[PDB]
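Protein chains in written order, with the deposited numbering: chain J, 15 to 91, 96 to 107, 111 to 147, 153 to 300, 603 to 769; chain B, 133 to 144, 156 to 198; chain I, 9 to 52, 155 to 213.
Even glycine gets a Cβ: it sits at the ideal position worked out from N, Cα and C.
Following: one structure in structure tokens, then a few remarks.
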Amino acid sequence: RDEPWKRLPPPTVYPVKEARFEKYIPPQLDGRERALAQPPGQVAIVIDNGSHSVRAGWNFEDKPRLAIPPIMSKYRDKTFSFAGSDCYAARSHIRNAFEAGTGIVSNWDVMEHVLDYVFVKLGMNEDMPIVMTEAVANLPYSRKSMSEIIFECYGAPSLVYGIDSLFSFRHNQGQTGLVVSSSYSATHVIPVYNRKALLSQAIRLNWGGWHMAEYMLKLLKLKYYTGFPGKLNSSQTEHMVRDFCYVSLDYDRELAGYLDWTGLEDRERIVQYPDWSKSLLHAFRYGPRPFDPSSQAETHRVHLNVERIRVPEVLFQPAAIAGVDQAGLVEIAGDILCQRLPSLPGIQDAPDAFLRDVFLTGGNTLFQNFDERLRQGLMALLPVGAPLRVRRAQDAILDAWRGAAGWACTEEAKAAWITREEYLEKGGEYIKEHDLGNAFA
Amino acid sequence: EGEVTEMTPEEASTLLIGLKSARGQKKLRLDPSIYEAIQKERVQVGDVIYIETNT
Amino acid sequence: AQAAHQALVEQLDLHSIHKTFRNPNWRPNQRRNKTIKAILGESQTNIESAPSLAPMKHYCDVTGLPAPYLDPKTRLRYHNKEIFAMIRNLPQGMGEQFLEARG
Ligand SMILES: Nc1ncnc2c1ncn2[C@@H]1O[C@H](COP(=O)(O)OP(=O)(O)OP(=O)(O)O)[C@@H](O)[C@H]1O
């Protein structure tokens, strides 16, 4: 039988998008000239301290000026010590400011040079207030060390810490809801009641986009079993996940009939690099086309069938696919909506208020059919008749900066700064209790 | 139609049953004689059941 | 030929630009750059992660298809007899890597 691969069309193949450099060195000095023209009290520098991409800019604009990874690299043959996106990922002594797998800064010799690159490329030749983001329920030593680097090393009037997902909440003009934000390091669920975060009962799932990339790397390492002639970086698997993964709607029916021969040519996604018809393992590794004859542009290919719907499914079934012994996103949301919020005194309506606006914030959210899966899960859990309306933010990876941009120069922010003499008197671990920041101690 | 969510005896008698569907669960208060028809059947935790309300 | 690459390495640098705002009086401490275990040992928040207790649908760990039964020798979920054959003749040092990818 020659039929199953005679009328089969030629393949449409996608190359590798590895996170390389980009030819830009701007010494942008046109922001300080506009910043010194505004009246005082309404000028502040906002830095989103993201784990995948630290962003920085001025508050009176809409787009951030700098958006770099925390990558630095220092070496010598004269000593080069450049950082940020200027590293090419051809010499790599790369160590990151964030600990791998958790958005808590514990590599301060890298974070100092990253902030140094930020203040150089913004233009500092001489004292502006600083609004800076952090992670939920941050460790006190990290906040103490960050405040020590802000005051003692550089010299700043004031800085204030906040949670970036709650800033994207405050920019999206919500009042009371359930912010579910899937970040690069962890996926948070935070209930907000009248512009105030209830951080005593927020729950973080320990999965994220970095875990997506690392688990995708492990499954491409174990799929291509006999040795694949190619460098399997983590970042190129991350760019595979970014454009070749979608959360399936009904998972147990889509999965079991996914590797059937009839129609596998349109499910399969193929990636370049610079008998058999009975077994499914040839369909799993290679596809409905015949075997590899060990050619030039045939061995250097990665085929993706199940990894499209298996890797972004770990957010919903964590204990079975990847063995993280925690709960799914739907089950965490149901645990908060149905079992904790009706049992908390001080609030009026637990189903009639928190279900009015459940929106999705973080960067690890822009998958096809992700809000619909969460809506069907919450529809299966909640009582009949609840006005459930799950939506997402407008600029999901950039609203975390814009929310702290709009917040930076208001009266509540002015009543929550920490000046230099307050750092000299109260100590290091001093917390102005704002409704977005963590609990005071 | 639907899956039993809980089997909670209220009084000490009336026993609430939450019937979870794929569209939403729903509370249901049972007579103390229809519960002795549920209980003769072997319904324990998460068995899907089919309760006629009238008959 | 490599002069353009040398100029790109030279202009992308931090020590080439003088630090006009860094305080030279500050001195870094050695006892930094710790882990989460060390910081949690210092303070003995971040214990709001919650596990689950529910029946899990166990899938295959060779392929991604749903698999209903495991093995005694290597304890791998597997779909059918082709995957059982590839499990029982795989080279050593990888049957533990499947459980390492699973956990
Ligand atoms: N178009 C897209 N489709 C799917 N995923 C995307 C897309 N664009 C970005 N992402 C994902 O978003 C993630 C980056 O998220 P982001 O940088 O906003 O997190 P973060 O704010 O740094 O997290 P944290 O607040 O914990 O530091 C990456 O893992 C990437 O995979």
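Item	Value
Look at the alpha carbon of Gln52 (chain J) and the alpha carbon of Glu700 (chain J), and state the distance between them as a whole number of angstroms.	45 Å
Does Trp233 (chain J) get closer than 8 Å to chain I when you measure Cβ to Cβ?	no
Who are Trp72 (chain J)'s beta bridge partners in DSSP?	J:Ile59
With three or more C-beta pairs closer than 8 Å as the rule, is the region 186 to 204 of chain J touching the region 12 to 32 of chain I?	no
Establish whether the CB of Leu175 (chain I) and some CB of chain J are separated by less than 8 Å.	yes
Show which residues of chain B have a CB atom less than 7 Å away from the CB atom of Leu710 (chain J).	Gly167
So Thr97 (chain J) and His189 (chain I) are supposed to be a Cβ contact under 8 Å. How far apart are they, rounded?	With a Cβ gap of about 55 Å, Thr97 (chain J) and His189 (chain I) do not count as contacting.
Name the one or two DSSP bridge partners that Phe119 (chain J) has.	J:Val126
Taking the CB atoms as reference points, tell me whether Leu48 (chain I) and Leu285 (chain J) lie closer together than 8 Å.	no
Hey, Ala721 (chain J) and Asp727 (chain J): beta-carbon distance below 8 Å or not?	yes
Is it right to say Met166 (chain I) is buried, meaning 16 or more other beta carbons lie within 10 angstroms of its own, or is it exposed?	exposed
Could you tell me whether the Cβ of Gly203 (chain I) comes closer than 8 Å to any Cβ of chain J?	no
Would you kindly work out how many angstroms separate the C-alpha atoms of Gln202 (chain I) and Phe208 (chain I), rounded to a whole number?	12 Å
I want to see whether chain J comes within less than 8 Å of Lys45 (chain I), judged by CB atoms only; does it?	no
For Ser208 (chain J), which beta-bridge partners are listed by DSSP?	J:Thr213
Quick one: list the residues of chain J neighbouring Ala11 (chain I), beta-carbon separation under 9 Å, in chain order.	In chain order: nothing, as chain J lies at least about 16 Å away.
In the DSSP assignment, the beta strand (DSSP E) including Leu162 (chain B) goes from what residue to what residue?	158 to 163
Chain J beta carbons: is any one of them nearer than 8 Å to that of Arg40 (chain I)?	yes
In chain I, which residues lie less than 8 Å from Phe119 (chain J) when you measure between Cβ atoms?	Simply none; closest approach about 12 Å.
Using alpha carbons as the reference points, say which of J:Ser274, J:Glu626, J:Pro618 lies closest to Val297 (chain J).	J:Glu626
Do you know offhand how far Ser173 (chain J)'s Cα is from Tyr751 (chain J)'s?	8 Å
Is any heavy atom of ligand 1 found at a distance shorter than 7 Å from the C-beta of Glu264 (chain J)?	yes
Let me check one thing: in DSSP terms, what residues is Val297 (chain J) bridge-paired to?	J:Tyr28, J:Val630
Distance, Cα to Cα, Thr155 (chain I) vs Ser156 (chain B)?	44 Å
Under 8 Å Cβ-Cβ, which residues of chain J neighbour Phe29 (chain I)?	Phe140, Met145, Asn146, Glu147, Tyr180, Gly181
Verify the CB distance criterion: does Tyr169 (chain I) have a CB-CB separation below 8 Å to chain J?	yes
Along the chain, where does the alpha helix (DSSP H) that runs through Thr43 (chain I) open and close?	Element bounds for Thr43 (chain I): n/a, residue is neither H nor E.
Just to check my reading of the structure: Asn31 (chain I) and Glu178 (chain J) have Cβ atoms closer than 8 Å, yes? What is that Cβ distance to the nearest angstrom?	7 Å
Please determine whether the Cβ atom of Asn164 (chain J) lies at a distance below 7 Å from any heavy atom of ligand 1.	no
Where does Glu757 (chain J) sit, in a helix, a strand or coil, going by DSSP?	coil
Keeping to the same chain, check which residues put their C-beta closer than 7 Å to that of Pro25 (chain J); ignore five residues upstream and five downstream.	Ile296
Of all the options J:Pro670, J:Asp763, J:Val186, which has the alpha carbon lying nearest to the alpha carbon of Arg196 (chain J)?	J:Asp763
Would DSSP call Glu291 (chain J) helix, strand or coil?	helix
In terms of DSSP beta bridges, what is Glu135 (chain B) paired with?	B:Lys163, B:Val191
Are the C-beta of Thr155 (chain I) and some C-beta of chain J separated by less than 8 Å?	yes
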